[PDB]
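**Student:**
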Amino acid sequence: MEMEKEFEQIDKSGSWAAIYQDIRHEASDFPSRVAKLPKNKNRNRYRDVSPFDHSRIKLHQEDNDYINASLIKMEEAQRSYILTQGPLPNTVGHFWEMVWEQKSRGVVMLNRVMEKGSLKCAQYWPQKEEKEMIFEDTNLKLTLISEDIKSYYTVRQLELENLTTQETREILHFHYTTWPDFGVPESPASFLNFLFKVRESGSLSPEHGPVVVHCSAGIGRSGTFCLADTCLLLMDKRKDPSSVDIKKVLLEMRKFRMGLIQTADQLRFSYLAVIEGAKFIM
Ligand SMILES: CS(=O)(=O)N1C[C@H](O)[C@H]2C[C@@H]1CC[C@H]2O
């Protein structure tokens with residue numbers, strides 16, 4: 001079926017939970033043996049969210065190459081994404097090592113450091129220009145260059161230096177700051193505006209490594225971001241845009257990381273975002 005009228009048909013019939021459970025039943029199951037090794041317990045935030053072995057990102061290190069991060073490669077859309085958990089106190093150096101090694105331009109953050117009165121990720125970037133951060137375990141230096149605070153999101157320019165080689169690179173930090181503590185946003189308008197700002201920066205384009213996108217677990221809000229982006233690109237590329245099937249795209253993405261889209265409300269919100277976004281594109 002088309003999207004916008006499939007949407008009204010699920011609303012009128014109140015069957016979002018049943019649609020979402022079908023997706024959960026059909027989703028891929030692949031091994032995640034490296035994630036579950038005892039030496040990696042303090043590298044995982046949640047025991048039930050792990051990268052698959054076949055798609056995990058490897059650190060360029062011989063001691064321990066493990067990080068909780070996955071490469072989502074979308075062949076028809078010609079887009080790739082790295083989805084990862086919010087960094088932990090003992091993985092902030094690994095996080096920036098990955099950004100460096102994978103040649104990423106942008107980092108997309110969809111959570112606040114504290115939500116619901118608890119810490120959802122480490123404070124992994126510097127908050128003042130004159131107070132830079134040094135990660136001794138991976139030999140990187142990170143400096144805040146500039147910060148632009150807007151009503152729904154903040155953009156930061158950061159400088160990452162590889163202290164071994166003295167090479168430097170400019171990284172863009174895109175921080176969506178207004179996702180509610182509970183539920184999903186009422187309108188997709190600010191989320192779509194944010195997606196378009198990430199696109200306009202070059203951070204999603206083939207001349208750079210994959211964008212790094214995270215929330216707390218790296219599957220819910222993060223899944224919504226890449227699902228909406230890929231569906232909109234396919235609608236632009238194809239002769240028949242109504243042939244794009246958001247459930248089939250989501251199942252394709254779940255071949256590369258488990259659990260993408262965590263609730264039926266996030267699934268409904270993803271439909272809403274693609275529907276509204278397809279009208280603005282033209
Ligand atoms: C009722 S439903 O399955 O169609 N679905 C929508 C409804 O508004 C409730 C409960 C469920 C999931 C999200 C929430 O908004």
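According to PDB author numbering, the sequence shown is numbered sequentially starting from 1.
Heads up, the beta-carbon is just placed ideally off N, CA and C, and yes, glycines get one too.
1. Grouping DSSP H, G and I as helix and E and B as strand, with all else coil, what is residue 272?
2. Using only CA atoms, which one of 274, 116 and 93 lies nearest to residue 234?
3. Return the first residue and the last residue of the beta strand (DSSP E) that residue 168 is part of.
4. In terms of alpha-carbon separation, which member of 281, 120, 74 and 145 lies closest to residue 131?
5. I'd like the ranges of any alpha helix (DSSP H) spanning at least 4 consecutive residues and lying wholly in the stretch 201-263.
6. Rounded to a whole number of angstroms, what is the C-alpha to C-alpha distance between residue 32 and residue 93?
7. Does the stretch 180-199 come within contact of the stretch 142-161, defined as at least 3 CB pairs closer than 8 Å?
8. Are residue 253 and residue 226 touching if we call contact CB-CB under 8 Å?
9. From which residue to which residue does the alpha helix (DSSP H) around residue 156 run?
10. Would you check whether ligand 1 has a heavy atom nearer than 7 Å to the C-beta of residue 283?
11. Looking only at its chain, what residues have a beta carbon closer than 6 Å to the beta carbon of residue 73, apart from the 5 residues adjacent to it on each side?
12. Does the stretch 248-262 come close enough to the stretch 199-210 that 3 or more CB-CB pairs lie under 8 Å?
13. For ligand 3, I want to know if residue 16 counts as a neighbour, meaning its beta carbon is within less than 7 Å of at least one of the ligand's heavy atoms.
14. Is residue 268 near ligand 1, with its Cβ less than 7 Å from a heavy atom?
15. For the beta strand (DSSP E) containing residue 148, name the first residue and the last one.
16. Short of 7 Å in beta carbon distance, which residues of its chain neighbour residue 268, apart from the five on each side in sequence? Order them along the chain.
17. Tell me which same chain residues have a C-beta within less than 8 Å of the C-beta of residue 59, skipping the five on either side of it?
18. At a cut-off of 7 Å, would you count residue 264 as near ligand 1, judging by its Cβ distance to the nearest heavy atom?
19. State the DSSP-derived secondary structure class of residue 3, mapped to helix, strand or coil.
20. In terms of residues, what are the limits of the alpha helix (DSSP H) holding residue 72?
21. Kindly indicate which residue of 1, 124 and 103 has the alpha-carbon position closest to the one of residue 135.
**Tutor:** From the atom records:
1. helix
2. 274
3. 167-176
4. 145
5. 221-237 and 246-253
6. 23 Å
7. yes
8. yes
9. First-last for residue 156: 153-162, but that is the beta strand (DSSP E), not the alpha helix (DSSP H).
10. Any question about residue 283 goes unanswered here, given that the chain covers just 1 to 282.
11. 80
12. no
13. Absent from the structure shown: ligand 3. Ligands present: ligand 1.
14. yes
15. 140-149
16. 16
17. 65, 66, 67, 94, 97, 98 and 101
18. yes
19. helix
20. Segment 66-74 is the beta strand (DSSP E) holding residue 72; no alpha helix (DSSP H) there.
21. 124
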